[PDB]
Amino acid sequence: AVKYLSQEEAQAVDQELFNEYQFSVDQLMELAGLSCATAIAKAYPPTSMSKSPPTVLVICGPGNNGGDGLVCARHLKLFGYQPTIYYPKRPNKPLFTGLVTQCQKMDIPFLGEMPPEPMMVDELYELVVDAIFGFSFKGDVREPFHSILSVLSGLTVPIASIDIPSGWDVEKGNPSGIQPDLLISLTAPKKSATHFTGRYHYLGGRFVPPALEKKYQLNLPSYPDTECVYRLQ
């Protein structure tokens, strides 16, 4: 079996990657975001969806998960989806301001407000991507995310979550949280993933040095040939 990480382990691994291996944040974010866009294209391919091109709403939170989200939006566009982004709390750092410009000049729109009703999200967006919080989340969700999650709970279209379903406790999960249909675990799954019950669980972020994966006993599966995602069972 593949190993499921504690928050401690995840922080240890991610820190190892940036200090010991000296990957820069935008290198891994680029790969992670591409992994997601690809997981999404394998689970919900365009041709298999009613709208042409198919519409996606990507909701990006205030840290790196949200960053993954912007990369993901951008690769989705190139793969033939029509994404829209909602990005309410934007850190003022070059990485993020660059990512925002990139999507903008690719004619990906940033909504000014979340559609206030589940029904409206449903009529406009055939898939929704949860790029709000990731593994370093803790404590009560504060605004505007409390009420964003609340809308999400009511949706009838599928949710795809990046790394962790936002709102779940990173290890123990959340019985009344959002229940996504696709979960892309980056690098390795996290212990909350044991509580996952959607249809699709993909593993992404094919950048793990063998030496890091051996040190932490990750038991990563073999990604087939040149693929950057793997479906778990």
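So that the term is clear: the rigid core is the largest set of C-alpha atoms that superpose within 1.5 Å between two forms. Heads up: residue numbers just count along the shown sequence, starting at 1.
Root-mean-square C-alpha deviation from the shown form, taken over all structures in 6 other deposited structures of this protein superposed by the rigid core, is larger for 132-140 than for the alternative among 81-89 and 132-140.
Mean CA B-factor, 210-218 versus 21-29: the higher value falls on 210-218. Just going by the entry, 172-180 versus 61-69 on mean CA temperature factor gives the higher value to 172-180. Highest C-alpha temperature factor among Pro118, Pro88, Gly139, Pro109 per the entry: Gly139. Among all modelled residues in this chain, the alpha-carbon of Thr194 has a temperature factor (C-alpha) in the highest third. Per the PDB record, residue ranking by Cα B-factor puts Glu143 in the highest third of the chain. Compared with the other modelled residues of the chain, the Cα B-factor recorded for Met49 ranks in the highest third. Looking at the C-alpha B-factors along this chain, the one for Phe135 belongs to the highest third.
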